[PDB]
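Taking it in order: structure first as structure tokens, then the write-up.
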Amino acid sequence: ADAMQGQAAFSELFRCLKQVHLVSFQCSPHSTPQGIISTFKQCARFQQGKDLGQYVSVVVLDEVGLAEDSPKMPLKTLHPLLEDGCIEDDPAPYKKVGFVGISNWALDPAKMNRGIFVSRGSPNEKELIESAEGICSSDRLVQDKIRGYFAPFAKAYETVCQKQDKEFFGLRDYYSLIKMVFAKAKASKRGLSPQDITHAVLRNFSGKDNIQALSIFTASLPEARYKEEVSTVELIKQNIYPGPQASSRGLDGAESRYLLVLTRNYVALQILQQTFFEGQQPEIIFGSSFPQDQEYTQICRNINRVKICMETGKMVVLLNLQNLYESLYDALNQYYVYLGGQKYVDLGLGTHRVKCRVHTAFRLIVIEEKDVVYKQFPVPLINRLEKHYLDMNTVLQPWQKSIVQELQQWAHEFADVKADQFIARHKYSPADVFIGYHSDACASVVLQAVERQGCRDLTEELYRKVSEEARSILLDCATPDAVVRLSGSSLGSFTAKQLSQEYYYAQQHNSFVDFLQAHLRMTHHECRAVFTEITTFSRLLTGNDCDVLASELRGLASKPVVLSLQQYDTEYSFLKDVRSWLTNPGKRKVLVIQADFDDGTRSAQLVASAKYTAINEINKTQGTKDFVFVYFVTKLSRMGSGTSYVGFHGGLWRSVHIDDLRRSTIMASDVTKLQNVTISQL
Amino acid sequence: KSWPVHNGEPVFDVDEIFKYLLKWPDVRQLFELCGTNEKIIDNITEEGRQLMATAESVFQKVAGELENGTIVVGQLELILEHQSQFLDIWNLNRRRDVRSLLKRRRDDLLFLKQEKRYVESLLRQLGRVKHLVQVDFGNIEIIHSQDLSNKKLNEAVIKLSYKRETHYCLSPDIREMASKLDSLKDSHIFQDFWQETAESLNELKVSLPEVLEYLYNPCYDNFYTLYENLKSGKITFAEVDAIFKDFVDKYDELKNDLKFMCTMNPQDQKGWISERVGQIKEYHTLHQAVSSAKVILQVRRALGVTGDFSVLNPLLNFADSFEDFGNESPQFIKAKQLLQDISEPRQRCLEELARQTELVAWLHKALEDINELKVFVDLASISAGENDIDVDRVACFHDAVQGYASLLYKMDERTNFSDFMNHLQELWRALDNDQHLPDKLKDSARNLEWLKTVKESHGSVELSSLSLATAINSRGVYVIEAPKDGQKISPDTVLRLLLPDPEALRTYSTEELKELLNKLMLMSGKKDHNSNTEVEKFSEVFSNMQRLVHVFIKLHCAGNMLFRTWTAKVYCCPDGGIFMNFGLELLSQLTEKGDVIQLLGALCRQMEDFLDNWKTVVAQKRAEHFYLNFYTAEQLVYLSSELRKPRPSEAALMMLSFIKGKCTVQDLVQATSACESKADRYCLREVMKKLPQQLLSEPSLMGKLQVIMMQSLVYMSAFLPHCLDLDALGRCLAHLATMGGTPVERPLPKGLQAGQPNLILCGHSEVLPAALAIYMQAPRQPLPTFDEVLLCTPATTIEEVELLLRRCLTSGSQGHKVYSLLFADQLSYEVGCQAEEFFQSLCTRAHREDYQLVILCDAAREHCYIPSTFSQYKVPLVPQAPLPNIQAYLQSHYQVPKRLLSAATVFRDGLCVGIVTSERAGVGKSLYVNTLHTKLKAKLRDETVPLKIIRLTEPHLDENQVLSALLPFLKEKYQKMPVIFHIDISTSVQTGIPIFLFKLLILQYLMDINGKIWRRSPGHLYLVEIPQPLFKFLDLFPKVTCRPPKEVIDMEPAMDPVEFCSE
Amino acid sequence: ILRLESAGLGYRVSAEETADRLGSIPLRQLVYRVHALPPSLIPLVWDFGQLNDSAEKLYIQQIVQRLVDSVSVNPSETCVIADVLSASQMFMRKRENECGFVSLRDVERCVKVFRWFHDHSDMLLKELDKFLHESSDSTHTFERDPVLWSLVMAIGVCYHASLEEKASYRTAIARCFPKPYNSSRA
Ligand SMILES: Nc1ncnc2c1ncn2[C@@H]1O[C@H](COP(=O)(O)OP(=O)(O)OP(=O)(O)O)[C@@H](O)[C@H]1O
Ligand SMILES: Nc1ncnc2c1ncn2[C@@H]1O[C@H](COP(=O)(O)OP(=O)(O)O)[C@@H](O)[C@H]1O
Ligand SMILES: [Mg+2]
């Protein structure tokens, strides 16, 4: 496509040939004959009005091996659309058109036998060494200082491709392994370390469970044995973050594939937001669930956003590849058509494929569940991406596992209270006491606490602080009545007093406005965007509370606005609301996003979409001097709706439970004093 | 608590425990404290002491293995990693020389691992050229492959000195050659030497003893001779540019490779590497200068300017000649001084400028100055494209000329070397801020066609991808019409976009709008807020308009009979306004200006709320009348629209024949005259009077639309005085039903209860007959129809099964009926789930507690949703009647009675349905049909009988094709004179035959869920062919078969007058 | 069939649960994925000439003689082009199987590719000489006949590329070629 342009070709040989224009129609198992028919119509239309001896269009069915056994039988009009090029008409010129039917699976011969099958076979060891030599043709002495590894590597890859029934691995893995050893060897200019080979082999061959691929590749290379440990978090960070010298020479031909994170319970986003995203925060390209939004418009805007991120140089975290793969498969291939030293990938929506620019530093992260990738991903998409596994235990080192177990015990004892004040034997689960507790929460909270510290040095000094901070996290979202009831709990007496003292002196839960006053004054940890989510049992803000908050906030807040999830039927209503909230001048803004889980509406699965959209807007509208404050507020019911609430999410979100939203002058803002005093002494 | 828990105390081995003792820094102190004083070991526990004993025994075993050779190598390397801890623990346990033992052990392990590396290197060298020569590596090819879990004792450390290992090397000579291949493993020149000696052999199985002589030895002798030649410096440049060609401007690694060279022979390296590498660099730079000067002479010859250099002529004279010496000679250094440190890159820059003499000549011919570029780029921008490559074409051109105008526009035909060097220096300075500039120049030069068609460009008919968005924003009118032509009602054919200017008009469709949408989310960005605001506004207005189309078709297909003629012309222009209209003479136009986006969203809010309340009220009306529960929404709309007309269409009457039977227009008008009193007319008049006064009460269109939709919801007949509302529809249908006498009465079989649903599992081959066993327990009654019998298929609409359940469970019906849901298992997961929820809700609200609901399912398909959730209400009988009973029942119920004037008189005593078949084809099936046709022509003189012949030839046999072929045949009443149909079927139809046959012949119906209904007429003949699972099912219908002559010449005629009478 | 299933990744859907069946065999793996002829057609089918390959030489003889426009190409080399293409078809038949049973069909297309290469046969050879002079010895720097080189390219396009056992084809096809490329290596 890039080479044989009519007069804009790169060599005299290609200038004398025809001018190519390709339209790419990727085939899927759920394809339609009308799709390929329309693609052929489009290429014929492009052909019309040109010279048939100098201009040709070419239909490209990228995965014609997938559409062979659809119930609708899509690959039927392909056979005639190559001889006459049209249907129900007199055959005529400009209807014939070129064609390249690329496929990753074997084809049905006969109805495609007018063309010539290049049934490329599995390469032998000879062609594997030859391909390695060709890939390393770029440089020469660093080519032959990694030449020795060529023979064993291929052999090892062979055994892998022999030892598994499912084709989880292919020649992409072997090629990219050669490429990474290239890049690291030519950066080193001194040779190759065992850590180098082990990192390359593990990073490229990973993801699958029943493969000791590193052990197999170190069997063929026993000298390249690594006795030190290797973790997945560093693997992710060196997949995403490249080296300072890398991609800085003339042209960039050595680079990793776009990363995938395999996880269960959709937890990858949490740690990915907590520990990895530093400096610049990525944009989440996800399937917005605002009611009756259009999927086509949503994916069109999603692809527009990813294209803008390519043009700018900002990382994209996709959450959807069952609909953003027909529109991104060529960009995942990561092969560029250079024009003035700038990389242009193919981006297309349906039948309209164009070359969109890609920045030097643009990384794409897919996030997917293990089951769905292992039984619904097409398989070439697996080889197309760099599989990794970071779910909960790759980032949770064993002492943090001890911490989560200890915290779950302490939570079960915090909930385990036996009191004789009232004549009632009501057992309390940690779900009832800690609002938003779902038996996977303690790992989340210990993750949050260790990220709040960040030192991560075990010198007997940090374990105490991480335990205390995770305890503070779990208390920070607990109902106040149980905090008072702590007296008769298994946690004893002094624990109750110290917990309540921190609950009223170091932690401010008396007022939403008091929470703001206590937070905004102090300087943060060099963070230019901070958001907090709030759980309440009281009534949501009505509209007269924003005015009083503004009056009390003549110097710290910036005339806030309050939005309700019930009124928002689209992404764009939210977009224009946050945009009007951000376009106004002044620093330290305040926004409240309200959603009531106790009502007759479906406004419970919109919380994630609303949060993601808000974060996207914050990261695409913020300057460098204005600070932002978003307070998502959800109201729960004490009659049992505080137990079904899935709790402490990760990232730039800190769940706090404020029982009273507005204020109360009648009651004193310290229930421990009311515990001390009796009604008579009042 | 420190034991290595592995899901709860599993060990079953000894290596993990050894690792635990070695790595944990507290086992050391615990053991030392226990051993210092025995007054602590006596009081620990009963299990702690046993685990301590187990750990002690493991450590004793490994320590005993250490003294002899049986200690595994892996644990040995663990000890070599935790030397300190193991030494301390061993010293502690000595109480119940070691430094010399440990040092000797580390020395011998170093020897073992260095031999391991040596044999690995040997294997690498001998497998690098594997495609040329193949080697049998004695036994090491399998001994090296096995992992290092083998026993140590095989290392045979013996004295009387030599240490033989499991790698059986043939001789110390091969060990030394492997060691030297390890020491020279990292030389490119060594790699080339190895390859060139390996190619001197040729498919030859060559063993190590002759590998050492045939392959290694010539390579080493050549290597030694080359090393001596390099030490002397007597080499020639032919060999130099032959071999060092892969060392261009990468000299640190070259210096390290020469250091590896000089480490092979152990002598000093002080004053040889620097000058020799400098000589190589000087030779390379001289060759580069020769190439660059050749390119400069090429551009001087070809570009057009003659110039005058007269300085590189001796260099060119030297270039064409060949000299053989390796030394430096000094007379050229001063001449070379001017380009001492030019660069390794950027000669690509001048050579790309030089090899393109057409671009510079054309730029001087066309531009002639530097001031015209700023206008020229703007003129080229409009002529350029819309996508990223096309937009960046002009940018790369502009940057290329900006970076090349220094040596392109500031030159004289007579130049002096000094000023040329200064200009080139400034050129390099300018290029340093864009190192891809030569690529930009080449990419602009190759677009010479687009770039010559830019100045001479005429009026180009290509508006834009963004100025077109400007046009949509300025004057685009989104027009919803719901067209009333013969086309369909898909969300593509109901929305249009008219774009005015002159007075020509262009009409974008939703497909073309989508294509432009894809086009302009992928178009370039000018970093200007106007483009992206405008495109965002267009995308949002189109998204809300698409959702309005979504809701509008949702409401139409859900059936509103008031939005059939609804139309809307949204003016996307700021404060343009949204203009609605209803297809009526009594409802005014509704227009409101202002912002289109928010108000359109609010309008869609009210539209969806009205849709919800409409579904609620239609559900209530169906739950009341029970006869709006024979047609889904589209058929209800068709009936309501075609009922108010004085003559309803024949389609509507044939549909209504399912409620009444033998329906007539006279009965229809007689019923519709008694379905409304004058009180209803008074109510509608009062609504008409009050309506405009309440409309004038709200300024915005939101409130007026809300009030108008609430009034249409409650009192609809006033709004649309040409279509019956659901209430009048229900009264008409109920009155027609009561007028139809002799209600049917079908009793349930034995063991199936008439108050609880009855799930039956029969198997795919018996579902159709078993269901029949349910329905012939009441003989001498008309057959069932699509009501009370749902022949369920994959992907059947939830509305149809909901309708079936509704007609099962509404009290007012005038007759007990058995409602069979056949093949309930092939329903989709979601369809079945919604059907189950609907059944639960409809039995929760209210019903009659005497419904006979039966659910027949595939016995082998119990895994799906409906049967798995229906396990409790299962009847374990599987009812079935004998096959001849089914045959006689269907035959005697297919009998068209006398004095009916039917086509079936030509059949065997008037069955009116027949199957003609043969086990092998080409026998006379169609001939039999045609002979029946001509036999009917023999009777009923003045025949003019038509013969429709539907050819069913497709896989996954589909109902709508046959229904469409049937539709224009009997909606006219003039062909009610006896008609012979002819259904013909192919042999690629394996997956649709039985359901279709039962539907058409037994159920006597074929229905489009969004269309009219065909009823098989009792009096018009049918003849369905069939090819030859289906073998048993085919037998139920009255079947007449024909067999080939050799099969009909022994038992029996098989002849026809027509074929024999022909000549 | 085993090679087809080993065409890199196997078929996306296995032959056990595939839906394209004629009888018990997939229509996927047939040389002709033609749907079953319904009865009354099978009792009327009849085989045509099986192309006993004795008349194939004359067929390709005509095919090149027309579709090359040899007014000024070469008067004798239509014979050599005819015989090399016929030998190629003979080899393709002489395998107990053919990649597509492509007799007389790859020929009308390979002579078209040859005509294309010969009409263009005034520049590609030039760049070929520059390429093999800048990086190769004088051994691969011989005068290339525009009629033979283009023939080599046509056979390397239509026959040589679609083979995994190309060596046998090359050694069986070079025996029908003139001196410059009489060897399979050439
Ligand atoms: N009894 C008969 N006497 C004379 N000719 C016959 C007889 N039966 C069939 N034929 C001839 O058979 C020929 C083709 O058979 P026919 O049209 O009956 O096929 P068919 O049963 O429809 O086949 P298929 O199942 O393939 O569609 C006709 O031309 C007809 O003349
Ligand atoms: N009598 C004949 N003489 C010469 N060539 C023939 C003759 N009959 C057929 N052919 C050749 O058969 C070829 C048909 O090519 P192919 O596609 O293999 O067969 P078909 O067109 O029948 O599918 C034509 O190139 C034509 O030269
Ligand atoms: Mg027939």
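Chain lettering (A, B, ...) mirrors the order of the structure tokens, residue numbering begins at 1 for each chain separately, and ligand numbering begins at 1 in order of display.
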Contact set, chain C to chain A: 7 Å, only C-alpha atoms, as a PyMOL selection string: chain C and resi 4-12+19-20+28-29+31-33+100+124+161-162
Ligand 3 neighbours within 7 Å using only C-alpha atoms and all ligand atoms, as a PyMOL selection string: chain B and resi 925-926+984-986+1025
Within-7 Å residues of ligand 2, basis only C-alpha atoms and all ligand atoms, as a list in words: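 Checked against 7 Å with only C-alpha atoms and all ligand atoms; the hits are residues 58, 59, 60, 62, 63, 102, 103, 104, 105, 106, 107 and 108 of chain C.
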Within 8 Å of chain C: residues of chain B, using only C-alpha atoms, as a ChimeraX atom specification: /B:920-922,986-987
Could you save those same residues with N, CA and C atoms as a PDB file, in the first residue's frame?
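Saved to out-v9.pdb:
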ATOM      1  N   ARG B 920     -36.132 -41.786  -4.113  1.00  0.00           N
ATOM      2  CA  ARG B 920     -35.218 -41.250  -5.111  1.00  0.00           C
ATOM      3  C   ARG B 920     -36.028 -40.365  -6.049  1.00  0.00           C
ATOM      4  N   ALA B 921     -35.412 -39.301  -6.554  1.00  0.00           N
ATOM      5  CA  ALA B 921     -36.160 -38.270  -7.262  1.00  0.00           C
ATOM      6  C   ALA B 921     -36.158 -38.532  -8.768  1.00  0.00           C
ATOM      7  N   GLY B 922     -36.746 -37.611  -9.524  1.00  0.00           N
ATOM      8  CA  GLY B 922     -36.916 -37.776 -10.957  1.00  0.00           C
ATOM      9  C   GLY B 922     -37.918 -38.843 -11.338  1.00  0.00           C
ATOM     10  N   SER B 986     -36.496 -28.016  -2.436  1.00  0.00           N
ATOM     11  CA  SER B 986     -35.211 -28.469  -2.947  1.00  0.00           C
ATOM     12  C   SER B 986     -34.629 -29.508  -1.986  1.00  0.00           C
ATOM     13  N   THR B 987     -33.369 -29.890  -2.189  1.00  0.00           N
ATOM     14  CA  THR B 987     -32.689 -30.854  -1.332  1.00  0.00           C
ATOM     15  C   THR B 987     -31.511 -30.206  -0.605  1.00  0.00           C
TER      16      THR B 987
END
Check: which chain B residues lie within 6 Å of chain A using only C-alpha atoms, as number ranges by chain: B: 124, 186, 188, 246, 388, 436, 439-440, 446-447, 518, 521
Environment of ligand 1 within 12 Å, counting only C-alpha atoms and all ligand atoms, reported as a ChimeraX atom specification: /B:916-931,951-953,982-988,1024-1028,1041-1049,1053-1062 /C:36-44
Could those selected residues go to a file with C-alpha atoms, as a PDB file, in the first residue's frame?
ATOM      1  CA  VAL B 916     -46.090 -36.076  -3.083  1.00  0.00           C
ATOM      2  CA  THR B 917     -42.717 -37.703  -2.478  1.00  0.00           C
ATOM      3  CA  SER B 918     -40.260 -40.370  -3.574  1.00  0.00           C
ATOM      4  CA  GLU B 919     -37.210 -41.928  -1.930  1.00  0.00           C
ATOM      5  CA  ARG B 920     -35.218 -41.250  -5.111  1.00  0.00           C
ATOM      6  CA  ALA B 921     -36.160 -38.270  -7.262  1.00  0.00           C
ATOM      7  CA  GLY B 922     -36.916 -37.776 -10.957  1.00  0.00           C
ATOM      8  CA  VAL B 923     -40.021 -39.966 -10.840  1.00  0.00           C
ATOM      9  CA  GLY B 924     -43.130 -37.906 -11.457  1.00  0.00           C
ATOM     10  CA  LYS B 925     -43.875 -35.761  -8.403  1.00  0.00           C
ATOM     11  CA  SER B 926     -44.439 -32.552 -10.374  1.00  0.00           C
ATOM     12  CA  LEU B 927     -45.982 -34.655 -13.133  1.00  0.00           C
ATOM     13  CA  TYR B 928     -48.468 -36.008 -10.574  1.00  0.00           C
ATOM     14  CA  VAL B 929     -49.280 -32.452  -9.491  1.00  0.00           C
ATOM     15  CA  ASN B 930     -49.847 -31.423 -13.106  1.00  0.00           C
ATOM     16  CA  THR B 931     -52.037 -34.471 -13.765  1.00  0.00           C
ATOM     17  CA  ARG B 951     -39.626 -22.786  -5.184  1.00  0.00           C
ATOM     18  CA  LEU B 952     -38.196 -23.241  -1.681  1.00  0.00           C
ATOM     19  CA  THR B 953     -34.492 -23.762  -2.349  1.00  0.00           C
ATOM     20  CA  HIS B 982     -47.899 -26.113  -5.591  1.00  0.00           C
ATOM     21  CA  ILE B 983     -45.207 -25.877  -2.922  1.00  0.00           C
ATOM     22  CA  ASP B 984     -41.936 -27.180  -4.364  1.00  0.00           C
ATOM     23  CA  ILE B 985     -38.909 -27.928  -2.217  1.00  0.00           C
ATOM     24  CA  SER B 986     -35.211 -28.469  -2.947  1.00  0.00           C
ATOM     25  CA  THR B 987     -32.689 -30.854  -1.332  1.00  0.00           C
ATOM     26  CA  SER B 988     -30.709 -28.200   0.583  1.00  0.00           C
ATOM     27  CA  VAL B1024     -46.239 -29.732  -1.050  1.00  0.00           C
ATOM     28  CA  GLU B1025     -43.410 -31.832  -2.433  1.00  0.00           C
ATOM     29  CA  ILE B1026     -40.753 -33.292  -0.157  1.00  0.00           C
ATOM     30  CA  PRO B1027     -37.376 -34.982  -0.764  1.00  0.00           C
ATOM     31  CA  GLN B1028     -36.018 -37.984   1.107  1.00  0.00           C
ATOM     32  CA  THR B1041     -46.102 -41.441  -3.421  1.00  0.00           C
ATOM     33  CA  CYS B1042     -44.626 -42.395  -6.787  1.00  0.00           C
ATOM     34  CA  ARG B1043     -41.793 -44.852  -7.399  1.00  0.00           C
ATOM     35  CA  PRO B1044     -39.545 -45.539 -10.415  1.00  0.00           C
ATOM     36  CA  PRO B1045     -40.784 -47.950 -13.109  1.00  0.00           C
ATOM     37  CA  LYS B1046     -38.669 -50.889 -11.930  1.00  0.00           C
ATOM     38  CA  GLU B1047     -40.243 -50.544  -8.473  1.00  0.00           C
ATOM     39  CA  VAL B1048     -43.854 -50.265  -9.714  1.00  0.00           C
ATOM     40  CA  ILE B1049     -43.741 -53.064 -12.296  1.00  0.00           C
ATOM     41  CA  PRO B1053     -50.836 -47.270 -13.063  1.00  0.00           C
ATOM     42  CA  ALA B1054     -47.532 -45.393 -13.338  1.00  0.00           C
ATOM     43  CA  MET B1055     -48.391 -43.890 -16.742  1.00  0.00           C
ATOM     44  CA  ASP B1056     -49.933 -40.609 -17.889  1.00  0.00           C
ATOM     45  CA  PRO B1057     -52.114 -39.832 -20.940  1.00  0.00           C
ATOM     46  CA  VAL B1058     -50.303 -36.556 -21.665  1.00  0.00           C
ATOM     47  CA  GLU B1059     -46.758 -37.901 -22.118  1.00  0.00           C
ATOM     48  CA  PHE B1060     -47.889 -40.980 -24.059  1.00  0.00           C
ATOM     49  CA  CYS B1061     -50.224 -39.014 -26.341  1.00  0.00           C
ATOM     50  CA  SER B1062     -47.335 -36.741 -27.316  1.00  0.00           C
TER      51      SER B1062
ATOM     52  CA  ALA C  36     -24.650 -31.556  -3.846  1.00  0.00           C
ATOM     53  CA  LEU C  37     -26.214 -31.948  -7.262  1.00  0.00           C
ATOM     54  CA  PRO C  38     -29.890 -32.695  -6.585  1.00  0.00           C
ATOM     55  CA  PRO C  39     -31.290 -35.878  -8.149  1.00  0.00           C
ATOM     56  CA  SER C  40     -32.551 -35.663 -11.741  1.00  0.00           C
ATOM     57  CA  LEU C  41     -29.199 -33.920 -12.384  1.00  0.00           C
ATOM     58  CA  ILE C  42     -26.751 -36.635 -11.247  1.00  0.00           C
ATOM     59  CA  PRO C  43     -28.546 -39.178 -13.498  1.00  0.00           C
ATOM     60  CA  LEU C  44     -27.762 -36.661 -16.269  1.00  0.00           C
TER      61      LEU C  44
END
Spatial neighbours of residue 519 (chain A), 12 Å, only C-alpha atoms, chain gap at least 2 places, as a PyMOL selection string: chain A and resi 506-509+512-517+521-524+530-532+556-557+588+629
Please write the residues from the selection above to a file, keeping C-alpha atoms, as a PDB file, in the first residue's frame.
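Heads up, here's the output in again-v7.pdb:
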ATOM      1  CA  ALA A 506      -7.821  13.438  63.128  1.00  0.00           C
ATOM      2  CA  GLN A 507     -10.710  12.471  60.821  1.00  0.00           C
ATOM      3  CA  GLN A 508     -13.480  14.994  60.169  1.00  0.00           C
ATOM      4  CA  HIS A 509     -16.883  13.405  59.503  1.00  0.00           C
ATOM      5  CA  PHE A 512     -19.434  17.676  54.398  1.00  0.00           C
ATOM      6  CA  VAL A 513     -18.423  21.345  54.538  1.00  0.00           C
ATOM      7  CA  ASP A 514     -16.146  20.600  57.501  1.00  0.00           C
ATOM      8  CA  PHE A 515     -14.584  17.797  55.453  1.00  0.00           C
ATOM      9  CA  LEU A 516     -13.854  20.333  52.710  1.00  0.00           C
ATOM     10  CA  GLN A 517     -12.456  22.873  55.187  1.00  0.00           C
ATOM     11  CA  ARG A 521      -6.037  23.830  53.651  1.00  0.00           C
ATOM     12  CA  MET A 522      -3.145  21.358  53.730  1.00  0.00           C
ATOM     13  CA  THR A 523      -0.809  20.725  50.810  1.00  0.00           C
ATOM     14  CA  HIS A 524      -1.173  17.378  49.049  1.00  0.00           C
ATOM     15  CA  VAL A 530      -7.875  14.864  43.800  1.00  0.00           C
ATOM     16  CA  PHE A 531     -11.363  13.337  44.006  1.00  0.00           C
ATOM     17  CA  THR A 532     -13.243  11.636  46.846  1.00  0.00           C
ATOM     18  CA  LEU A 556     -11.632  28.459  49.268  1.00  0.00           C
ATOM     19  CA  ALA A 557     -14.358  27.149  46.942  1.00  0.00           C
ATOM     20  CA  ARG A 588     -10.154  24.855  43.899  1.00  0.00           C
ATOM     21  CA  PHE A 629     -12.266  18.665  43.531  1.00  0.00           C
TER      22      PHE A 629
END
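Using only C-alpha atoms, the protein and nucleic acid residues lying no more than 9 Å from residue 216 (chain B), apart from those fewer than 5 places from it along its own chain, are residues 177, 194, 197, 198, 211 and 221 of chain B.
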All alpha helix (DSSP H) positions in region 778-955 of chain B, as a PyMOL selection string: chain B and resi 798-808+829-845+865-868+883-894+925-938
Would you mind exporting C-alpha atoms of the selected residues as a tab-separated table (two decimals), in the first residue's frame?
chain	number	residue	atom	x	y	z
B	798	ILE	CA	-40.64	-12.32	22.95
B	799	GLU	CA	-43.84	-10.45	22.10
B	800	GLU	CA	-45.32	-13.50	20.36
B	801	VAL	CA	-44.79	-15.86	23.30
B	802	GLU	CA	-45.98	-13.13	25.68
B	803	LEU	CA	-49.11	-12.88	23.52
B	804	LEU	CA	-49.58	-16.66	23.76
B	805	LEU	CA	-49.24	-16.56	27.54
B	806	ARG	CA	-51.71	-13.66	27.67
B	807	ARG	CA	-54.35	-15.50	25.65
B	808	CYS	CA	-53.73	-18.44	27.98
B	829	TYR	CA	-31.74	-17.52	26.64
B	830	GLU	CA	-33.07	-13.96	26.79
B	831	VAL	CA	-36.39	-14.75	25.08
B	832	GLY	CA	-36.98	-17.61	27.50
B	833	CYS	CA	-35.96	-15.51	30.50
B	834	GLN	CA	-38.35	-12.70	29.59
B	835	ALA	CA	-41.09	-15.23	28.84
B	836	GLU	CA	-40.64	-16.78	32.30
B	837	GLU	CA	-40.65	-13.38	34.02
B	838	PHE	CA	-43.76	-12.47	32.02
B	839	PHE	CA	-45.51	-15.69	33.03
B	840	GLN	CA	-44.69	-15.03	36.68
B	841	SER	CA	-45.97	-11.45	36.49
B	842	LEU	CA	-49.13	-12.38	34.59
B	843	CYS	CA	-50.00	-15.15	37.04
B	844	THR	CA	-49.24	-12.72	39.88
B	845	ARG	CA	-51.64	-10.02	38.67
B	865	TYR	CA	-33.37	-21.88	30.47
B	866	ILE	CA	-37.09	-22.63	30.16
B	867	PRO	CA	-37.00	-26.41	30.84
B	868	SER	CA	-34.33	-26.16	33.55
B	883	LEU	CA	-49.81	-43.32	14.37
B	884	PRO	CA	-52.85	-44.57	12.38
B	885	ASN	CA	-55.03	-42.60	14.81
B	886	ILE	CA	-53.11	-39.42	13.96
B	887	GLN	CA	-53.36	-40.25	10.25
B	888	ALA	CA	-57.13	-40.78	10.43
B	889	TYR	CA	-57.63	-37.67	12.59
B	890	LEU	CA	-55.71	-35.37	10.24
B	891	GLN	CA	-57.24	-36.98	7.15
B	892	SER	CA	-60.87	-36.74	8.29
B	893	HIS	CA	-60.29	-33.21	9.61
B	894	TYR	CA	-58.69	-32.18	6.30
B	925	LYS	CA	-43.87	-35.76	-8.40
B	926	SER	CA	-44.44	-32.55	-10.37
B	927	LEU	CA	-45.98	-34.65	-13.13
B	928	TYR	CA	-48.47	-36.01	-10.57
B	929	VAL	CA	-49.28	-32.45	-9.49
B	930	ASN	CA	-49.85	-31.42	-13.11
B	931	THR	CA	-52.04	-34.47	-13.76
B	932	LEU	CA	-54.16	-33.55	-10.74
B	933	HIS	CA	-54.28	-30.04	-12.20
B	934	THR	CA	-55.53	-31.29	-15.57
B	935	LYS	CA	-57.96	-33.67	-13.84
B	936	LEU	CA	-59.42	-30.66	-12.04
B	937	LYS	CA	-59.53	-28.87	-15.40
B	938	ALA	CA	-61.57	-31.82	-16.69
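The environment of residue 609 (chain B) within 12 Å, counting only C-alpha atoms and disregarding residues fewer than 3 places along the same chain, consists of residues 551, 555, 602, 603, 604, 605, 606, 612, 613, 614, 615, 616, 705, 706, 709, 710 and 713 of chain B.
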